[PDB]
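Taken in sequence, the protein lines are chains M and B. For the first sequence, the entry's author numbering begins at 2 and goes up steadily by one. For the second sequence, the entry's author numbering begins at 29 and goes up steadily by one. Just so you know, even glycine gets a beta-carbon here, dropped at the ideal spot from N, CA and C.
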Amino acid sequence: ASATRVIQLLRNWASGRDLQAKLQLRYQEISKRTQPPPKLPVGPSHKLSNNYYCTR
Amino acid sequence: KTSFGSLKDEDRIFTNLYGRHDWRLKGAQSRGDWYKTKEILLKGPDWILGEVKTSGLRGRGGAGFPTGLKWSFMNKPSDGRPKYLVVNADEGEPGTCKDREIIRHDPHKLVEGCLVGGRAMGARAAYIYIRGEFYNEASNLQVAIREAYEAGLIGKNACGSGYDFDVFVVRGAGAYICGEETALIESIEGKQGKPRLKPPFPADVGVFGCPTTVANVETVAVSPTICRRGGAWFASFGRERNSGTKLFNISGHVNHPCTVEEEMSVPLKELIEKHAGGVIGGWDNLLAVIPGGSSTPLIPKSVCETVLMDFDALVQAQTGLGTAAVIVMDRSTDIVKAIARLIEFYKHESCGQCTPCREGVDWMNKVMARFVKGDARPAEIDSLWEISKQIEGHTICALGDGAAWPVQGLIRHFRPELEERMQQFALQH
Ligand SMILES: Cc1cc2nc3c(=O)[nH]c(=O)nc-3n(C[C@H](O)[C@H](O)[C@H](O)COP(=O)(O)O)c2cc1C
Ligand code: SF4
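Structure follows, in structure tokens:
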């Protein structure tokens, strides 16, 4: 977070924990909204043989 | 007898098979045909059927069903409908070119067979459905029939025996499906050549809705010789349940492609080498052989090395005698392409009536073309096997089964070639 070192120290002391380590606000660890095109897999019955529905 | 295939010229039913003599009545009678036919007819229908059973004659059209029993099916008291007999002369099975030889070179033998069979089954008349392409053979057959009519061999008081029998010839119009017995019946009746669904069996309801029996040209033509020479004579040749002499239309990659009458249960390699001069390039150059026309599955060279050309032995070899049209394929043959061509033949000769045949055969043809190009995946081979199994046994006629069998044989014996071709195609792209 964009806070002065003094403010950070006061905040951590008042909380009693190092808040800068785990800040609730999300900055850059977020995943990119634009992602590579996925290729989802097929199921166990996506076969051209021994796939008779009577057996499943 | 343990070693078969030593048939002598004194034991060959078709003596003018090569057309080197007079096909007309004079030559036929000089060769022993049309001999004491009156006594044969007066002997009794039961006697004739018993002689056929003693000979152990089985269906020479490909089914292999015992001919004596099949003909005995129609030896019943008349139901009021005029009984008829049909002689299957379509010969549409690829590789099968025997019936043509019989009709064109010994037509009077076939006519005498028709008379004897009709007497044995109490048939009013016989309709020989010949293939339309066999126009000259049909002309020869008609000339023979005219000669028989004028000589009194057939017609009213046939051979002076009192039996009133007629022989009709109906030309086809280019349909392999017409080879099927019920499809043949429908074609004669004037409808599209689409096979019926048994029951009713043809013996009960057949041509013109009358008791009818369909028999192969060879099957009918051997009946008078079987009667005259005795059933024991016919039985002596061939193993038990595989007795007689079968015409072998050796064709393909052989040095001397020809049709030869040889004893049943003859070793395949012997038959190929004895008459056709062996496989082109030698025995080792052979790839595979289709023993019976095209419907029967192929047998690889390993099995071809030691196998008897009879019904039972070939059944053990995952194939059948069928029409005994040996199609020899050398190792310069793309087996995939050949089987695909056969599948295409079936596709272009399917009636289209039954859904499995109509759609599955075309689907298999597409997949086979893709296999020939290698444009596929290895699992598609198992998929094709499943498709063939689905078609087989689920169709009105046996055309679907006889089209599934080649694919099954190709997979079962040369799957490595298919997989390797697919690999090669993948590497190219
Ligand atoms: C697709 C198909 C084609 C056939 N083609 C012929 C043929 O060309 N000639 C023939 O004699 N039988 C052929 N048959 C067999 C006939 O249906 C019938 O069983 C046979 O003509 C009777 O022979 P058989 O009485 O000597 O046993 C064919 C069968 C099928 C299913
Ligand atoms: S397996 Fe067929 S669609 Fe057929 S009665 Fe047929 S030529 Fe057929």
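Residue i beta carbon near ligand 2 (any heavy atom closer than 8 Å)
{"i": "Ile131 of chain B", "result": "no"}
{"i": "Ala153 of chain B", "result": "no"}
{"i": "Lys219 of chain B", "result": "no"}
{"i": "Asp390 of chain B", "result": "no"}
{"i": "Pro434 of chain B", "result": "no"}
{"i": "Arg398 of chain B", "result": "no"}
{"i": "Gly90 of chain B", "result": "no"}
Residue i Cβ short of 8 Å to ligand 1 heavy atom set
{"i": "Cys425 of chain B", "result": "yes"}
{"i": "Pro228 of chain B", "result": "no"}
{"i": "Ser215 of chain B", "result": "no"}
{"i": "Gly183 of chain B", "result": "no"}
{"i": "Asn116 of chain B", "result": "yes"}
{"i": "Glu119 of chain B", "result": "yes"}
{"i": "residue 459 of chain B", "result": "Residue 459 of chain B is absent from the structure shown; chain B starts at 29 and stops at 457."}
{"i": "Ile76 of chain B", "result": "no"}
{"i": "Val242 of chain B", "result": "yes"}
{"i": "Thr95 of chain B", "result": "yes"}
{"i": "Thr273 of chain B", "result": "no"}
{"i": "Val245 of chain B", "result": "yes"}
{"i": "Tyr204 of chain B", "result": "yes"}
Three-way DSSP call (helix, strand, coil) for residue i in this model
{"i": "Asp358 of chain B", "result": "strand"}
{"i": "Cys238 of chain B", "result": "coil"}
{"i": "residue 467 of chain B", "result": "Nothing about residue 467 of chain B can be reported from this structure: the residues present for chain B run from 29 to 457 only."}
{"i": "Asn52 of chain M", "result": "coil"}
{"i": "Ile41 of chain B", "result": "coil"}
{"i": "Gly280 of chain B", "result": "strand"}
{"i": "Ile254 of chain B", "result": "helix"}
{"i": "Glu161 of chain B", "result": "coil"}
{"i": "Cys286 of chain B", "result": "strand"}
{"i": "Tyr28 of chain M", "result": "coil"}
{"i": "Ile131 of chain B", "result": "helix"}
{"i": "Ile424 of chain B", "result": "coil"}
{"i": "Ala2 of chain M", "result": "coil"}
Residue from the options with nearest C-alpha to residue i
{"i": "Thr334 of chain B", "options": "B:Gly321, B:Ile355, B:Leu299 and B:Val364", "result": "B:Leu299"}
{"i": "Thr287 of chain B", "options": "B:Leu296, B:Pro295 and B:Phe276", "result": "B:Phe276"}
{"i": "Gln220 of chain B", "options": "B:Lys274, B:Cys379, B:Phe442 and B:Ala352", "result": "B:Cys379"}
{"i": "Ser31 of chain B", "options": "B:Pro295, B:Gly84, B:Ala368 and B:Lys81", "result": "B:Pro295"}
{"i": "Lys394 of chain B", "options": "B:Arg386, B:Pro223, B:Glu372 and B:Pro228", "result": "B:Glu372"}
{"i": "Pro319 of chain B", "options": "B:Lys104, B:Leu77 and B:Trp433", "result": "B:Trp433"}
{"i": "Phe453 of chain B", "options": "B:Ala404, B:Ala211, B:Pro105 and B:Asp338", "result": "B:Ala404"}
{"i": "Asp362 of chain B", "options": "B:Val400, B:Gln344 and B:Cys385", "result": "B:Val400"}
{"i": "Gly33 of chain B", "options": "B:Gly272, B:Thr324 and B:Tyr157", "result": "B:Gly272"}
{"i": "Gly120 of chain B", "options": "B:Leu342, B:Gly421, B:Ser322 and B:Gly150", "result": "B:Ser322"}
{"i": "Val435 of chain B", "options": "B:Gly72, B:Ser416, B:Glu448 and B:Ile130", "result": "B:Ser416"}
Beta-carbon spacing of residue i, residue j below 9 Å
{"i": "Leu35 of chain B", "j": "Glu290 of chain B", "result": "yes"}
{"i": "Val195 of chain B", "j": "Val139 of chain B", "result": "yes"}
{"i": "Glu209 of chain B", "j": "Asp127 of chain B", "result": "no"}
{"i": "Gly160 of chain B", "j": "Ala153 of chain B", "result": "no"}
{"i": "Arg256 of chain B", "j": "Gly60 of chain B", "result": "yes"}
{"i": "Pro406 of chain B", "j": "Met450 of chain B", "result": "yes"}
{"i": "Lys98 of chain B", "j": "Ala231 of chain B", "result": "yes"}
{"i": "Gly437 of chain B", "j": "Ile367 of chain B", "result": "yes"}
What are the complete alpha helix (DSSP H) segments, minimum 4 residues, inside the region 338-416 of chain B?
If one requires a minimum length of 4 residues, the alpha helix (DSSP H) runs lying completely within the region 338-416 of chain B are 339-344, 363-376 and 389-401, in chain order.
Enumerate, from N- to C-terminal direction, the unbroken alpha helix (DSSP H) stretches of 4 or more residues contained entirely within the region 55-124 of chain B.
List check, alpha helix (DSSP H) in window: 65-71, 73-83 and 95-100.
Complete alpha helix (DSSP H) runs within the region 183-247 of chain B (minimum length 4 residues, chain order):
Segments of the alpha helix (DSSP H) lying fully in the region 183-247 of chain B: 209-217.
Just list the beta strand (DSSP E) runs in the region 312-341 of chain B, keeping only unbroken ones of 3 residues or longer that don't cross its boundaries, in chain order.
Given a length threshold of 3 residues, each whole run of the beta strand (DSSP E) inside the region 312-341 of chain B is given here in chain order: 314-318.
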